[PDB]
Each structure stands twice: as structure tokens, then as C-alpha cells.
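**Q** Dropping the structure in here first, questions after.
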Amino acid sequence: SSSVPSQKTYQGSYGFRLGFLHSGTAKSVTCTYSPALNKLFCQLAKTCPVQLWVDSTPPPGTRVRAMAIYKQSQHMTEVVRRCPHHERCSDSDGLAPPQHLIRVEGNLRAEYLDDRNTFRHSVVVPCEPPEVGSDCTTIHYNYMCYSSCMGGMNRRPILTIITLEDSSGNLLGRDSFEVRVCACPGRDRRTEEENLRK
Ligand SMILES: Nc1n[nH]c(C(F)(F)F)c1Br
Ligand SMILES: [Zn+2]
């Protein structure tokens with residue numbers, strides 16, 4: 001029942017693309033990224049660092065938006081939202097609406113949008129230059145339901161679409177990755193990578 005945002009990779013004029021830390025697959029890992037699967041595996045509500053890389057610095061007022069969509073064709077028109085349990089668990093920080101799957105952690109300038117026409121959720125933050133001893137800016141995301149949550153994602157895979165935007169919201173660049181929110185990301189990444197090898 002909602003229009004489907006593009007997931008097509010688009011570096012644009014600034015050469016925009018994502019990067020991910022190399023956190024490994026130990027049983028204790030809270031978030032780990034598989035380049036072979038283009039897939040982030042993370043625990044519920046834990047910090048997911050996502051790097052922003054550009055070839056040239058975009059203008060002041062540039063922002064970065066995150067939105068989830070279902071990966072599969074039969075589900076892509078459905079808004080990705082938190083499940084009936086988690087939307088009612090009183091865990092909002094006062095900024096993120098309790099229905100939103102994706103939050104930004106530790107940024108008081110995060111804004112949360114309920115799109116008036118598509119009803120899709122997204123979270124957008126201003127782009128700032130890298131910290132003093134760093135080559136890239138990093139955003140910390142949290143995912144607020146498990147992939148398995150009944151009445152929400154319900155075991156359906158999702159993509160996160162990251163869009164670099166100007167101050168009006170016009171597209172400057174786009175990238176994306178699949179997400180699985182699960183209890184043991186390290187084990188699940190190993191299993192899915194071993195499966196891909198077979
Ligand atoms: N000075 C900068 N380096 N990288 C960025 C990014 F966030 F837009 F990617 C800026 Br703004
Ligand atoms: Zn849930």
C-alpha cells in the first residue's frame with residue numbers, strides 16, 4: 001500500500017558510499033558486517049556503526065537519511081515498522097517515535113519523519129566532518145526489533161537505504177545493505193557465509 005523508494009546505488013557528485021568496521025564473528029560480537037552478503041548482522045538495539053565516505057566534501061547543510069524496506073518483491077510495498085509488542089514497550093527516547101525501527105544513537109539533532117504520503121519512517125541527521133583523528137564520519141544506528149518479531153518483520157529480510165541529501169531533501173547519493181537483527185550475529189554471519197560458499 002505504499003510507493004517503493006529506490007534502492008539503486010548512486011555515488012553522485014561527491015562519490016558517496018558506505019563503509020563498515022571489521023568486527024569479526026565471535027559469539028560475543030554485537031554487530032558484524034558481511035561484505036560477501038552485503039549484510040549487517042546485529043543484536044537488538046545495540047550500536048551499529050556505519051561509515052560515510054566521500055571523494056569530496058559536500059556543502060554545509062547536507063544530511064544523511066536511513067530508511068528500511070522489505071527486500072522481497074511481495075513485501076516491498078509494506079511499511080517496515082516495529083512489531084505490536086515493541087511499539088508498546090515504552091522504550092522511546094523522546095525523539096524516536098515508538099513505531100520506528102531505526103534510531104540514531106547519541107545525536108540530539110536526529111529528526112524522525114513519518115512521510116505524509118507514503119507513511120514510511122526514516123531518521124535523518126546533519127552531516128558533520130570527521131572527528132579529529134579519523135578519515136570518515138560515522139553514524140551509530142540502532143535497530144529496535146528482531147527480524148523474527150511476530151506481527152512486525154516476521155522473519156522477512158529488510159534492506160536499509162542510506163541517502164545523502166541536500167538541505168531541501170534532494171538526493172545527492174544512495175547506498176544500501178541488508179540487515180538481520182538477531183540474538184547471535186557472529187554465529188549467523190558464519191552460517192550464512194558458509195551457506196553461500198556451498
Ligand atoms: N567533511 C566531511 N567529510 N565527510 C562528510 C560526510 F559526512 F558528508 F560524509 C563531511 Br560533511
Ligand atoms: Zn519487535
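Naming works like this for the C-alpha cells: A, B, ... for the chains as they're shown, residue 1 at the start of each chain, ligands 1 onward in shown order.
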Fewer than 6 positions away in the same chain doesn't count, so skip those; otherwise give me all residues within 9 Å of residue A:58, counting only C-alpha atoms, as a ChimeraX atom specification.

**A** /A:13-14,127,166

**Q** Near residue A:81, counting only C-alpha atoms, which residues have an atom at most 8 Å away, once you skip same-chain residues fewer than 6 positions from it, shown as a list in words?

**A** residues 99, 100, 101, 121, 152 and 153 of chain A

**Q** Apply DSSP to the structure's backbone, then extract all residues of chain A labelled strand (DSSP E) and return them as a VMD selection string.

**A** chain A and resid 17 to 19 31 to 34 39 to 42 48 to 53 63 to 70 102 to 104 111 to 114 121 to 126 137 to 143 158 to 165 171 to 181

**Q** Produce as number ranges by chain the set of residues near ligand 2, where near means within 9 Å with only C-alpha atoms and all ligand atoms considered.

**A** A: 81-87, 101, 144-154

**Q** Using only C-alpha atoms and all ligand atoms, determine which residues fall within 10 Å of ligand 1, then list them as a PDB file with N, CA, C and O atoms, in the first residue's frame.

**A**
```pdb
ATOM      1  N   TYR A  14      29.585  13.671  -5.201  1.00  0.00           N
ATOM      2  CA  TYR A  14      30.552  13.654  -4.110  1.00  0.00           C
ATOM      3  C   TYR A  14      31.204  12.292  -3.913  1.00  0.00           C
ATOM      4  O   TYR A  14      32.025  12.152  -3.008  1.00  0.00           O
ATOM      5  N   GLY A  15      30.856  11.284  -4.715  1.00  0.00           N
ATOM      6  CA  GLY A  15      31.452   9.964  -4.551  1.00  0.00           C
ATOM      7  C   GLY A  15      31.067   9.292  -3.249  1.00  0.00           C
ATOM      8  O   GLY A  15      31.928   8.750  -2.539  1.00  0.00           O
ATOM      9  N   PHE A  16      29.774   9.337  -2.918  1.00  0.00           N
ATOM     10  CA  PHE A  16      29.283   8.852  -1.636  1.00  0.00           C
ATOM     11  C   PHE A  16      29.152   7.329  -1.617  1.00  0.00           C
ATOM     12  O   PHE A  16      28.628   6.728  -2.564  1.00  0.00           O
ATOM     13  N   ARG A  17      29.631   6.708  -0.537  1.00  0.00           N
ATOM     14  CA  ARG A  17      29.426   5.278  -0.319  1.00  0.00           C
ATOM     15  C   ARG A  17      29.609   4.966   1.165  1.00  0.00           C
ATOM     16  O   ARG A  17      30.234   5.723   1.911  1.00  0.00           O
ATOM     17  N   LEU A  18      29.081   3.825   1.587  1.00  0.00           N
ATOM     18  CA  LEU A  18      29.191   3.413   2.982  1.00  0.00           C
ATOM     19  C   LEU A  18      30.468   2.619   3.247  1.00  0.00           C
ATOM     20  O   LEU A  18      31.121   2.105   2.335  1.00  0.00           O
ATOM     21  N   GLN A  51      29.982   3.870   8.444  1.00  0.00           N
ATOM     22  CA  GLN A  51      30.847   4.947   7.996  1.00  0.00           C
ATOM     23  C   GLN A  51      30.280   5.574   6.732  1.00  0.00           C
ATOM     24  O   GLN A  51      29.720   4.884   5.873  1.00  0.00           O
ATOM     25  N   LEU A  52      30.474   6.885   6.600  1.00  0.00           N
ATOM     26  CA  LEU A  52      30.141   7.611   5.378  1.00  0.00           C
ATOM     27  C   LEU A  52      31.445   8.023   4.716  1.00  0.00           C
ATOM     28  O   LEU A  52      32.278   8.668   5.351  1.00  0.00           O
ATOM     29  N   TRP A  53      31.640   7.635   3.463  1.00  0.00           N
ATOM     30  CA  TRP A  53      32.845   8.000   2.728  1.00  0.00           C
ATOM     31  C   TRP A  53      32.465   8.870   1.535  1.00  0.00           C
ATOM     32  O   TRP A  53      31.473   8.593   0.855  1.00  0.00           O
ATOM     33  N   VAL A  54      33.251   9.928   1.275  1.00  0.00           N
ATOM     34  CA  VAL A  54      33.054  10.763   0.095  1.00  0.00           C
ATOM     35  C   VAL A  54      34.408  11.082  -0.520  1.00  0.00           C
ATOM     36  O   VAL A  54      35.421  11.136   0.177  1.00  0.00           O
ATOM     37  N   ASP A  55      34.415  11.310  -1.837  1.00  0.00           N
ATOM     38  CA  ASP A  55      35.627  11.779  -2.511  1.00  0.00           C
ATOM     39  C   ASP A  55      35.819  13.284  -2.360  1.00  0.00           C
ATOM     40  O   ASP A  55      36.955  13.777  -2.426  1.00  0.00           O
ATOM     41  N   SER A  56      34.737  14.033  -2.179  1.00  0.00           N
ATOM     42  CA  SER A  56      34.826  15.469  -1.970  1.00  0.00           C
ATOM     43  C   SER A  56      33.760  15.885  -0.968  1.00  0.00           C
ATOM     44  O   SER A  56      32.678  15.294  -0.904  1.00  0.00           O
ATOM     45  N   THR A  57      34.088  16.907  -0.186  1.00  0.00           N
ATOM     46  CA  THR A  57      33.245  17.324   0.928  1.00  0.00           C
ATOM     47  C   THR A  57      31.956  17.971   0.433  1.00  0.00           C
ATOM     48  O   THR A  57      32.002  18.948  -0.323  1.00  0.00           O
ATOM     49  N   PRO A  58      30.797  17.487   0.856  1.00  0.00           N
ATOM     50  CA  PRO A  58      29.547  18.129   0.460  1.00  0.00           C
ATOM     51  C   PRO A  58      29.297  19.389   1.271  1.00  0.00           C
ATOM     52  O   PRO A  58      29.958  19.629   2.297  1.00  0.00           O
ATOM     53  N   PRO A  59      28.354  20.219   0.829  1.00  0.00           N
ATOM     54  CA  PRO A  59      28.151  21.543   1.427  1.00  0.00           C
ATOM     55  C   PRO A  59      27.590  21.463   2.836  1.00  0.00           C
ATOM     56  O   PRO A  59      26.925  20.478   3.204  1.00  0.00           O
ATOM     57  N   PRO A  60      27.821  22.498   3.653  1.00  0.00           N
ATOM     58  CA  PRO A  60      27.129  22.597   4.951  1.00  0.00           C
ATOM     59  C   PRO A  60      25.617  22.527   4.761  1.00  0.00           C
ATOM     60  O   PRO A  60      25.054  23.127   3.846  1.00  0.00           O
ATOM     61  N   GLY A  61      24.956  21.764   5.621  1.00  0.00           N
ATOM     62  CA  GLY A  61      23.534  21.546   5.488  1.00  0.00           C
ATOM     63  C   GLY A  61      23.182  20.227   4.839  1.00  0.00           C
ATOM     64  O   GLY A  61      22.006  19.841   4.833  1.00  0.00           O
ATOM     65  N   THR A  62      24.166  19.524   4.298  1.00  0.00           N
ATOM     66  CA  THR A  62      23.939  18.169   3.800  1.00  0.00           C
ATOM     67  C   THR A  62      23.519  17.271   4.963  1.00  0.00           C
ATOM     68  O   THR A  62      23.980  17.444   6.091  1.00  0.00           O
ATOM     69  N   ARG A  63      22.614  16.327   4.695  1.00  0.00           N
ATOM     70  CA  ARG A  63      22.093  15.425   5.725  1.00  0.00           C
ATOM     71  C   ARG A  63      22.178  13.988   5.227  1.00  0.00           C
ATOM     72  O   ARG A  63      22.358  13.733   4.032  1.00  0.00           O
ATOM     73  N   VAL A  64      22.033  13.031   6.153  1.00  0.00           N
ATOM     74  CA  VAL A  64      22.060  11.616   5.801  1.00  0.00           C
ATOM     75  C   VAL A  64      20.831  10.969   6.418  1.00  0.00           C
ATOM     76  O   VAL A  64      20.574  11.127   7.622  1.00  0.00           O
ATOM     77  N   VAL A 125      20.019  12.854   9.981  1.00  0.00           N
ATOM     78  CA  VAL A 125      20.921  13.652  10.817  1.00  0.00           C
ATOM     79  C   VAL A 125      21.767  14.565   9.937  1.00  0.00           C
ATOM     80  O   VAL A 125      22.042  14.234   8.776  1.00  0.00           O
ATOM     81  N   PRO A 126      22.217  15.704  10.453  1.00  0.00           N
ATOM     82  CA  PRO A 126      23.162  16.539   9.688  1.00  0.00           C
ATOM     83  C   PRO A 126      24.476  15.808   9.517  1.00  0.00           C
ATOM     84  O   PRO A 126      24.942  15.113  10.425  1.00  0.00           O
ATOM     85  N   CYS A 127      25.079  15.978   8.344  1.00  0.00           N
ATOM     86  CA  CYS A 127      26.432  15.508   8.110  1.00  0.00           C
ATOM     87  C   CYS A 127      27.422  16.456   8.745  1.00  0.00           C
ATOM     88  O   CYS A 127      27.357  17.670   8.528  1.00  0.00           O
ATOM     89  N   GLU A 128      28.322  15.909   9.538  1.00  0.00           N
ATOM     90  CA  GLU A 128      29.408  16.680  10.105  1.00  0.00           C
ATOM     91  C   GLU A 128      30.719  16.099   9.608  1.00  0.00           C
ATOM     92  O   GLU A 128      30.778  14.928   9.211  1.00  0.00           O
ATOM     93  N   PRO A 129      31.786  16.888   9.606  1.00  0.00           N
ATOM     94  CA  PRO A 129      33.083  16.381   9.176  1.00  0.00           C
ATOM     95  C   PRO A 129      33.619  15.377  10.175  1.00  0.00           C
ATOM     96  O   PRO A 129      33.148  15.310  11.323  1.00  0.00           O
ATOM     97  N   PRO A 130      34.599  14.577   9.763  1.00  0.00           N
ATOM     98  CA  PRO A 130      35.150  13.544  10.647  1.00  0.00           C
ATOM     99  C   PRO A 130      35.742  14.125  11.922  1.00  0.00           C
ATOM    100  O   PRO A 130      36.252  15.248  11.941  1.00  0.00           O
ATOM    101  N   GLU A 131      35.675  13.335  12.995  1.00  0.00           N
ATOM    102  CA  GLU A 131      36.385  13.669  14.222  1.00  0.00           C
ATOM    103  C   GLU A 131      37.882  13.793  13.938  1.00  0.00           C
ATOM    104  O   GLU A 131      38.380  13.357  12.892  1.00  0.00           O
ATOM    105  N   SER A 134      40.363  10.919  12.396  1.00  0.00           N
ATOM    106  CA  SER A 134      39.560   9.988  11.612  1.00  0.00           C
ATOM    107  C   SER A 134      39.448  10.472  10.170  1.00  0.00           C
ATOM    108  O   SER A 134      39.448  11.676   9.902  1.00  0.00           O
ATOM    109  N   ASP A 135      39.336   9.518   9.238  1.00  0.00           N
ATOM    110  CA  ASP A 135      39.202   9.814   7.816  1.00  0.00           C
ATOM    111  C   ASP A 135      37.756   9.826   7.334  1.00  0.00           C
ATOM    112  O   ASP A 135      37.501  10.184   6.180  1.00  0.00           O
ATOM    113  N   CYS A 136      36.808   9.410   8.164  1.00  0.00           N
ATOM    114  CA  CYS A 136      35.424   9.359   7.726  1.00  0.00           C
ATOM    115  C   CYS A 136      34.522   9.708   8.895  1.00  0.00           C
ATOM    116  O   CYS A 136      34.895   9.573  10.063  1.00  0.00           O
ATOM    117  N   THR A 137      33.316  10.132   8.567  1.00  0.00           N
ATOM    118  CA  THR A 137      32.274  10.326   9.566  1.00  0.00           C
ATOM    119  C   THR A 137      31.553   9.005   9.807  1.00  0.00           C
ATOM    120  O   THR A 137      31.419   8.177   8.905  1.00  0.00           O
ATOM    121  N   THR A 138      31.102   8.799  11.041  1.00  0.00           N
ATOM    122  CA  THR A 138      30.405   7.566  11.377  1.00  0.00           C
ATOM    123  C   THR A 138      29.084   7.933  12.026  1.00  0.00           C
ATOM    124  O   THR A 138      29.012   8.887  12.803  1.00  0.00           O
ATOM    125  N   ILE A 139      28.029   7.211  11.674  1.00  0.00           N
ATOM    126  CA  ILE A 139      26.731   7.362  12.315  1.00  0.00           C
ATOM    127  C   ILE A 139      26.503   6.080  13.101  1.00  0.00           C
ATOM    128  O   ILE A 139      26.863   4.999  12.633  1.00  0.00           O
ATOM    129  N   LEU A 164      22.279  10.328   1.001  1.00  0.00           N
ATOM    130  CA  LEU A 164      22.904  11.619   1.231  1.00  0.00           C
ATOM    131  C   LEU A 164      22.010  12.643   0.546  1.00  0.00           C
ATOM    132  O   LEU A 164      21.644  12.455  -0.620  1.00  0.00           O
ATOM    133  N   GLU A 165      21.606  13.691   1.282  1.00  0.00           N
ATOM    134  CA  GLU A 165      20.628  14.648   0.775  1.00  0.00           C
ATOM    135  C   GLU A 165      21.118  16.072   0.988  1.00  0.00           C
ATOM    136  O   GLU A 165      21.851  16.354   1.938  1.00  0.00           O
TER     137      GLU A 165
END
```

**Q** Find the residues near stretch 29-35 of chain A: any atom within 12 Å, counting only C-alpha atoms, skip ones fewer than 2 places away on the same chain, and give them as an MDAnalysis selection string.

**A** chainID A and resid 18:27 37:51 140:143 177:194 196

**Q** Can you tell me which residues surround residue A:74 at a distance of at most 12 Å, considering only C-alpha atoms, apart from same-chain residues fewer than 6 positions away, and format the answer as a PyMOL selection string?

**A** chain A and resi 1+4+156-157

**Q** Write the residues you've just listed into a file as a PDB file, in the first residue's frame, and include N, CA, C and O atoms for each of them.

**A**
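Output contents, as saved in selection32.pdb:
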```
ATOM      1  N   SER A   1       0.779  -1.231   0.000  1.00  0.00           N
ATOM      2  CA  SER A   1       0.000   0.000   0.000  1.00  0.00           C
ATOM      3  C   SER A   1       0.822   1.300   0.000  1.00  0.00           C
ATOM      4  O   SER A   1       0.258   2.378   0.133  1.00  0.00           O
ATOM      5  N   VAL A   4       7.401   2.589  -3.395  1.00  0.00           N
ATOM      6  CA  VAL A   4       8.630   1.876  -3.044  1.00  0.00           C
ATOM      7  C   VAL A   4       9.824   2.774  -3.350  1.00  0.00           C
ATOM      8  O   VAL A   4      10.064   3.094  -4.524  1.00  0.00           O
ATOM      9  N   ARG A 156      11.023 -11.676   7.748  1.00  0.00           N
ATOM     10  CA  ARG A 156      11.222 -11.171   6.397  1.00  0.00           C
ATOM     11  C   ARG A 156      12.479 -10.315   6.353  1.00  0.00           C
ATOM     12  O   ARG A 156      12.636  -9.411   7.187  1.00  0.00           O
ATOM     13  N   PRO A 157      13.392 -10.564   5.417  1.00  0.00           N
ATOM     14  CA  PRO A 157      14.594  -9.729   5.315  1.00  0.00           C
ATOM     15  C   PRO A 157      14.266  -8.300   4.907  1.00  0.00           C
ATOM     16  O   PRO A 157      13.348  -8.034   4.119  1.00  0.00           O
TER      17      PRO A 157
END
```
